[PDB]
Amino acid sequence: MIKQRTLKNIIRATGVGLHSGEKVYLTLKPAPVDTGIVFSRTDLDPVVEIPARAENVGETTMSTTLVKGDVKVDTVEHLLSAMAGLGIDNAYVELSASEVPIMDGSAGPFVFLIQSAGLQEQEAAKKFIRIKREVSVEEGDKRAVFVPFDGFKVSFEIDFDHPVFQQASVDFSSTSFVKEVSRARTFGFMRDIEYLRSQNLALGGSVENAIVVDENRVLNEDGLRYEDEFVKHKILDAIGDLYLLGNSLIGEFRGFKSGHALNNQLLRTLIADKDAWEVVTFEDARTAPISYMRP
């Protein structure tokens, strides 16, 4: 059977908020069966806990933000992506400030820390959300779609009018999340980055945690990790946003110029349309359409 997973040991990391520029201490802890991923602002007294679910999504401009009243947890998507890629169902994520650390801009450092700590299978079946009808949302020239598929695959297509250039498809029957997606970094363009900074955003961004692009080229001295790094990172972002469903997907995602906002609308519409999905478990791992690496 495919079993739920938590962390075997706690993970501690420190780093900086991409947007706030604040220093943040992060802890991932084990959690019980059916907890989900829950973020906790431990700098506050009392502590404010915000389940990583679609209904708690507040701000969707330049990152995915979770909100409960006037308290926020910003930039959850890269860490969530790491957790979906490793099959982590249950975990507490404690943060000493409002924003998850950006690390090197990718999910790589989070996956390494997690896998160094190890995972723990738990004695309860892993629940999956299986797409049974096509669900599509559009706004302007952006589109995001779920399609029935016996496995898990993601496609993204961006239309950037810029010299540095994209589309990519990843099916997890052959693509390795760890080797081919997790290392793809955050990116931004100089004119936007300075707009953002002028609006008190992007305060922690630097070549240390992002691919920085001027009008023509990548300015990072050591260049790119993958030739299609930009689009691979969008796939990473989409994986994190989709994990806000609260369970892993059995289906296909296709994004066409979609960001955090549209991804969140897609999740909302799916949740609402209860004929388009059902919760399934696999009591025999041997016959399941997906598999996970050893814990």
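Between two forms, the rigid core is the largest collection of C-alphas that superpose within 1.5 Å. Numbers follow the displayed sequence, beginning with 1.
Chemist: Please pick 89 to 97 or 156 to 164, whichever has its Cα atoms farther from the shown form in 9 other deposited structures of this protein after a rigid core fit.
Modeler: It is 156 to 164 whose C-alphas lie farther from the shown form in 9 other deposited structures of this protein.
Chemist: Superpose by the rigid core: which stretch, 201 to 209 or 124 to 132, shows more Cα shift in 9 other deposited structures of this protein?
Modeler: With the rigid core fitted, 201 to 209 is the stretch that strays more in 9 other deposited structures of this protein.
Chemist: What number of residues from the deposited sequence go unmodelled in the gap from residue 165 to residue 166, classed as none, 1 to 3, 4 to 9, or 10 or more?
Modeler: Missing in between: 4 to 9 residues.
Chemist: Give the stretch, out of 33 to 41 and 59 to 67, with the larger mean C-alpha temperature factor in the deposited entry.
Modeler: Result of the comparison: 59 to 67.
Chemist: Going by the B-factors listed in the PDB entry, is the mean over the C-alpha atoms higher for 210 to 218 or for 107 to 115?
Modeler: It is 210 to 218 that shows the higher mean C-alpha B-factor.
Chemist: In the PDB entry, which of 85, 148, 223, 101 has its C-alpha at the highest B-factor?
Modeler: The listed residue with the largest C-alpha B-factor is 223.
Chemist: According to the Cα B-factor stored in this entry, which of the following is highest: 128, 92, 177, 195?
Modeler: Each of 128, 92, 177, 195 was compared by C-alpha B-factor; the highest is 195.
Chemist: Which third of the chain holds residue 52 when residues are ordered by C-alpha B factor: lowest, middle or highest?
Modeler: According to the entry, residue 52 has a C-alpha B-factor in the chain's lowest third.
Chemist: Against its chain's modelled residues, does residue 153's Cα B factor rank lowest, middle or highest third?
Modeler: Middle third - that is where residue 153 ends up once the chain's C-alpha B-factors are sorted.
Chemist: Relative to the other modelled residues of the same chain, rank the CA B-factor of residue 294 and answer lowest, middle or highest third.
Modeler: Its C-alpha B-factor belongs to the highest third of this chain's values.
Chemist: According to the PDB entry, is the CA B factor of residue 269 in the bottom, middle or top third of its chain, that is, lowest, middle or highest?
Modeler: CA B-factor rank for residue 269: lowest third.
Chemist: Splitting the chain's C-alpha B-factors into thirds, which one does residue 227 fall into?
Modeler: It falls in the top third of the chain.
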